[PDB]
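Residue numbers (the entry's author numbering), protein chains in the order written: chain k, 2 to 210; chain x, 2 to 125; chain e, 2 to 64; chain s, 3 to 147.
Each remark here refers to the structure printed beneath this line.
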Amino acid sequence: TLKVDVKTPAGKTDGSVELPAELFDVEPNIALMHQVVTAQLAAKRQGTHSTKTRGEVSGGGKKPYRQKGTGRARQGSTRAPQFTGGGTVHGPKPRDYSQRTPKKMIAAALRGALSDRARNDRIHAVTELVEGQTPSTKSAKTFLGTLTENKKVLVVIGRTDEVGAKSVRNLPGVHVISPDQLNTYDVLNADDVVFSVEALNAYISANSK
Amino acid sequence: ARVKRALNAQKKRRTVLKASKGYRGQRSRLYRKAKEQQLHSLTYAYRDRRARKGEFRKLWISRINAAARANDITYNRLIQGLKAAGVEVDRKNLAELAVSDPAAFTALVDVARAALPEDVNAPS
Amino acid sequence: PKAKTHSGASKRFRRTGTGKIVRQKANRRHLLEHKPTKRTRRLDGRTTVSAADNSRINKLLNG
Amino acid sequence: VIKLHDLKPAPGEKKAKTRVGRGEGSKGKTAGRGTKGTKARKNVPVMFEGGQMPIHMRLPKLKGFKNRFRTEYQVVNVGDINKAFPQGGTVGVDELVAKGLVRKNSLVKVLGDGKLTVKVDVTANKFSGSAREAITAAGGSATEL
RNA sequence: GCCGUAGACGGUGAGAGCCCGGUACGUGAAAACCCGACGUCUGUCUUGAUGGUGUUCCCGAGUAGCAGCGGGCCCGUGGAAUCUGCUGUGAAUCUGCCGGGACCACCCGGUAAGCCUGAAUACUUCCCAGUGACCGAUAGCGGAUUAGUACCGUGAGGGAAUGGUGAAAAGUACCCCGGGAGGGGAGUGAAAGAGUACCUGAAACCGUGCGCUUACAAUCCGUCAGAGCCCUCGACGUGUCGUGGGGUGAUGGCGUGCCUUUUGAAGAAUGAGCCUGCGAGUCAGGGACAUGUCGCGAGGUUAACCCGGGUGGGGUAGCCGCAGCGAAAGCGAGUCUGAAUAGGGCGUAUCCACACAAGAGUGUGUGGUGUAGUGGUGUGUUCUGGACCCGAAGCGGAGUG
RNA sequence: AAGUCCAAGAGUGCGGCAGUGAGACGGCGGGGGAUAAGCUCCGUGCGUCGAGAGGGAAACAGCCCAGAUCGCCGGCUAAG
RNA sequence: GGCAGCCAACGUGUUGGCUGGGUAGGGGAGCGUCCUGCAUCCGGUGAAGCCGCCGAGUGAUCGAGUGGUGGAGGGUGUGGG
């Protein structure tokens, strides 16, 4: 059970949080994590691509000329695929790419991602992002700079904390998310996972209860 | 994702057309005719790489026979005599001696004649 | 669209506890007078579908 | 640390798709169909045998009817009960579905396959003769619902 | 250096958070309309409710029911229930009547032949705001350009082609040749190898110049040897060799195009004038079988739907596995046939050891070891769909002549 | 009973995916035909072509020699 | 002398023995094109495209080798379509 110390914007250390082994010390599974992230991106993609087949191309309902005698190739429609302006034989149609991966697979992949982060000591707990009631990207940037020097950092902030969300929203490499919506893609995208304390306890309680 | 075939197609087209330079007529200008002539040309090259060894050996045998008869011996008897005397020179270098070193060729003729049997038509 | 099972195949063939496909024998409905009882007795009951028909029978039964 | 570019599929996971009719190198100008015919263009139905009486039509239909009023039971053997209840005790349908031995809301009949060596108080919809004797011999009651 | 509740997206002379329109975040309605709220106003109950006791009347008529002929139901007339159209016949008001798959009895349910009713559901001509592992001018709508236009048809109707100078026209003043067109100077411009025939500018095709070769010669037009001439890279002397490289080739050997389709084609069988673009095994479904790989595992897994600006979290209804045999009642590690402990069929995952029998092929009993499925996803086939692509003569419906 | 046995890439069982189901000539045994056909129908642990290049038969799918992984301006042979 | 397939021997990838014509067809492994997640690099001191030279690989092909023309976007690795 690895420990994590809580920091404050003032720079002091509030307390410690105990990361459960069952959540932050599972062995990573590269193939499983790859399957889950690929499924997430497939669900993300929208397949609003379309082409008109030989049927829905306008016109072309008449035989252009006689079957015999003209000395030309036989044609049955001026919209046949081989015609310029004709329909498309096997073209894109709108389709849904999302797949149904089991909840156990999803949860195990998330546990593996967060466990790797914990193993390489990249999880940070914070009592609050900026001093309350007013957003300040300057204050948030300074605090996050003292926290981690890496480029892309994930911030796990509760739904009701507007000050922290608005404060770290505009930073280039920073991604702000809710503890309920933690997902493998975001966790693996980030270099560091900065938890608010209440978000950490909410996640731990929800997953261990 | 609509893909344009231009780059992929022109690759092979340029390769074949460059390989077909110096051909006569349509075979050096048009990709399809050049392709057909390339099929035939590589078939011919593969066949003549095998047949060239035989052609050169035929040339060597002709020169060896000419020189040997100049030395008053026939090719078949000279070859039998050289085989008997244990000389391991091959026909390429025998023709080289014939053209370049007539005295050495005569010495080899004499060795072969000496190693030949007394009567070549004897049943032994 | 779901796949539809062949009605005649369903009515003609059944499966055993291990997966053997089982059929009935022909030449038994009528004209039974001139058939001896020995030939009648080998024509009833069930027999396993021969290995040649296994694939097509399975196809018809499943879909 | 594991990043997004370090994720690879398991070996043997993904197999390259067979693209057909793309030159004489792989599967050209016919796509594995051979020369002309019916199969060269469309397909052949499974129930078709060339014109003769098909196999599904030249055999008698299986005898009998279905009896939609059939009472079907979900069965559990005394061996499984012995394995799952080492300490004995009362055994009803609720705990029989709790230990994952029968389906949730079905009718249970108990069959006497294995060996019963524990004191157990079984309640079920129906019992077989062997199961009832085997339960009784170990000092248990076969209470029938 | 600075801002950041603003690092969305575009423009501006080439990749701009700090130049511009903007963006986050706030503000704004005279009038019209649309929502609500409180009222005038309208209606209704207040000559009013209750818990009880015993009998007559009423409870939807050309209706229900029945018969004939049909329709529709999983049900193709079948034993044909329920619903319903036309033609006949034609009842009772509650111990009545209708349904419980012919029908009858009993029990159960309901109360037809009167009428209204929101939400959950379906769709987008049109308006606003957005998005794309969608197209980028032979694509994408037929239509980025005069587009239902030009053109074709008597008519119904059919139905195109055509985008890009430059950062800015700064679009070449003036002179010369020329009737003009077009050009040469001179100027603009970073570029005129950007000159309104204009970004880039490929191939077919058509020229001009240079090098080698060709007018005694029977050539699927090449290939392998190869003299001579020419051009280069090195070493050395005045031109001669090399681990060389290129271009042409006098002359010698060998040599019957490509594809389809065939017993067999160079074939005097089929297709192709040439180039450049375009043009054929795809997708959907918890579909079926098989085979990889990943999760869980005697279990696996959710569908609809609910809550999240997301890919996340819930959701046990179902499905598959877990016992089989039998037409079925049923019985169950057995079961069916059968009068049979008498044989056979199917089944008890499979193996090992030990006994008992038999050498009619091995069987029967005791012990152990113990049983593997299911859900995602890649691949190959398959089913239903136009289903790898192209092609008839012809058949229907509605219209135009 | 042996042989081959770092191979025939042999047999048998099950399963996934097929194509084929128009053959030709040559040698032997036959039918039909006139003991004609480059005819037609069969048999053949017979062959080759089909699906097979190289050498010979002047040229010449089916005859004879011989089964082409590639290179060599090495040698020995087969039919001829 | 070079390559490949099957198998054996010994070892932490070499040696050896056999084998390597092929249509319909079955199986295995790859080149090139575009669009993308992620990570890196090049580009008005000149990207792509096109035309050459000099070369390279067993094949589809390659040139983060170089000239010309051109004027604004590309390359690479590892996955997805």
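Don't be surprised by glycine CBs; every beta carbon is placed ideally from N, CA and C.
Helix or strand or just coil, what does DSSP make of residue i?
i: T79 (chain k); result: coil
i: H35 (chain k); result: helix
i: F57 (chain x); result: helix
i: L44 (chain e); result: coil
i: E51 (chain s); result: coil
i: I158 (chain k); result: coil
i: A67 (chain x); result: helix
i: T92 (chain s); result: strand
i: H7 (chain s); result: helix
i: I74 (chain x); result: coil
i: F71 (chain s); result: coil
i: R55 (chain k); result: coil
i: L61 (chain s); result: coil
i: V18 (chain k); result: strand
i: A52 (chain e); result: coil
i: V17 (chain x); result: helix
i: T125 (chain s); result: strand
i: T145 (chain s); result: strand
i: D91 (chain x); result: coil
i: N122 (chain x); result: coil
i: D82 (chain s); result: helix
Would residue i pass as an interface residue toward chain s - the criterion being a Cβ-Cβ separation below 8 Å?
i: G9 (chain e); result: yes
i: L33 (chain e); result: no
i: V38 (chain k); result: yes
i: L61 (chain e); result: yes
i: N190 (chain k); result: yes
i: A27 (chain e); result: yes
i: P180 (chain k); result: no
i: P29 (chain k); result: yes
i: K3 (chain e); result: no
i: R24 (chain e); result: yes
i: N121 (chain k); result: yes
i: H91 (chain k); result: no
i: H176 (chain k); result: no
i: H125 (chain k); result: no
i: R30 (chain e); result: yes
i: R57 (chain e); result: yes
Which first and last residues belong to the alpha helix (DSSP H) in which residue i is found?
i: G9 (chain e); result: 8–13
i: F25 (chain k); result: 22–25
i: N202 (chain k); result: 198–209
i: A104 (chain x); result: 103–116
Using a Cβ-Cβ cut-off of 8 Å, state whether residue i counts as contacting chain k.
i: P88 (chain s); result: no
i: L118 (chain s); result: no
i: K5 (chain s); result: yes
i: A18 (chain s); result: no
Classify residue i as buried or exposed, calling it buried when 16 or more other Cβ atoms lie within 10 Å of its own Cβ.
i: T125 (chain s); result: buried
i: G174 (chain k); result: exposed
i: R118 (chain k); result: buried
i: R80 (chain k); result: buried
i: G113 (chain k); result: buried
Would you kindly report the start and end of the unbroken beta strand (DSSP E) that includes residue i?
i: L113 (chain s); result: 110–113
i: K4 (chain k); result: 4–8
i: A42 (chain s); result: Run containing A42 (chain s): none; DSSP gives neither H nor E here.
Please list, in chain order, the residues of the region 30–59 of chain s that have any C-beta partner in chain e closer than 7 Å. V48, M49, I57, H58, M59
Under 7 Å, CB to CB, which of the residues in the region 56–82 of chain s have a partner in chain e? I57, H58, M59, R60, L61, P62, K63, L64
Check distances from the C-beta atoms of the region 105–117 of chain k to those of chain s and list, in chain order, the residues that come in under 9 Å. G113, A114, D117
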